[PDB]
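Structure at a glance
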Amino acid sequence: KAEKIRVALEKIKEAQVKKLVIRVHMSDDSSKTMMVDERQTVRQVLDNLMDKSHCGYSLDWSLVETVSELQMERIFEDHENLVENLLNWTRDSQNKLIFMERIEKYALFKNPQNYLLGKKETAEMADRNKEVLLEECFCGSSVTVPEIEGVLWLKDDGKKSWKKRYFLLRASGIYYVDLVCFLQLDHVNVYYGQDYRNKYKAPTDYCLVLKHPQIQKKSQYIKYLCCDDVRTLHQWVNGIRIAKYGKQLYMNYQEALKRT
């Protein structure tokens, strides 16, 4: 049975699609060019990066965007179309695309007990049960978005000042105290703010930002939240990621686990 016939079939599509050459910064701020196409997910792009490089088996390998003008970053999810995202960048953008390791992208999956149980305290858990809890949260008839709630600093629109409100995360979005909808997650990505204690007079350096992918400059449609500590930040970022991406985050993780 000649299955050789299927591989030359694959080379056809790798020849008829719009190619783009991007630039990719390394962990040490050296850079490299590479070819991508407009069909490629970040997953496929990472694989070519891992194939071409040394490289090294690790679950934490990521493509990271920096929104230079807004001093923030988000680590791309692996199902995302890279090109459609790179087209948000302005013509003169100083945004970078960093290829590096990153504890954060899959931390919730190797310790789901510290992210899915609505406790601020961290604990250990047997392998066996990590898998069950993971299976239980993502793989049912719907995703069980963990019950995240607590106080956060919200920055005033257009001002370098902050108010304190009580937030809670649901499936439909983030609500403040019964309830008022702060944001719905469908049209916003979530970013880690960089050095906001200085830039925005923030209470802490532990900031998360919510903005439409298309926004590249100062805008009041960008929401800034500041947590008291790092734990809270990771709890919120991770919960928003579960609430936004659902079962897809679980698939992305399994696919990454296959490459370790």
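Method of structure determination, per the deposited record: X-ray crystallography was used for this entry, reaching 2.403 Å resolution.

Where the PDB entry is consulted, the chain appears under the name Ras-associated and pleckstrin homology domains-containing protein 1, with the organism given as Homo sapiens. This deposition appears in the PDB under the title "Crystal Structure of the coiled-coil, RA and PH domains of Lamellipodin".

A few words now on the packing of aromatic side chains. Applying the stated criterion across every chain, the model contains 11 aromatic pairs. With a centroid separation of 5.2 Å and 65 degrees between ring planes, the pair formed by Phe-167 and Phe-182 is classed as edge-to-face. Residues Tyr-200 and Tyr-224 carry aromatic rings whose centres are separated by 4.9 Å and whose planes lie at 50 degrees to one another, so their mutual orientation is tilted. With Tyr-200 in the loop between α6 (196–199) and β11 (207–211) and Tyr-224 in strand β12 (residues 223–226), the pair connects residues that are 24 residues apart, well separated along the chain. For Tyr-200, a relative accessible area of 13% translates into the label buried. Residue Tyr-224 is classed as buried on the basis of its relative accessible area of 5%. One aromatic cluster is present, built from ring pairs that chain together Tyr-106, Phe-109, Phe-138, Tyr-250 and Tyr-253. Over the ring of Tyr-115 we find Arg-231, and its NZ or CZ is 5.4 Å from the ring centre.

Reading the values: rules and limits
Summary of conventions: residues on each chain are numbered from 1 in written sequence order, possibly unlike the entry numbering, and any residue without coordinates is omitted from what is shown. Note that the side-chain values use all heavy atoms of the structure and ignore hydrogens as well as water. Between rings of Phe, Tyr and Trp, where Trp is taken as its six-membered ring, a pair exists when centres lie within 6.5 Å; planes separated by under 30 degrees are stacked, by over 60 edge-to-face, and by other angles tilted. Each helix is a run of H or I in the DSSP string that is no shorter than four residues. Each strand is a run of E no shorter than two, and both are numbered from the N terminus. Under the scheme applied here, a residue whose accessible area is under 20% of the maximum for its type counts as buried, over 50% as exposed, and between as partly exposed, the area being computed with a 1.4 Å probe on protein chains only. We call a charge positioned above a ring when the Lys NZ or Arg CZ atom is no farther than 6 Å from the ring centre and deviates by at most 35 degrees from the ring normal.

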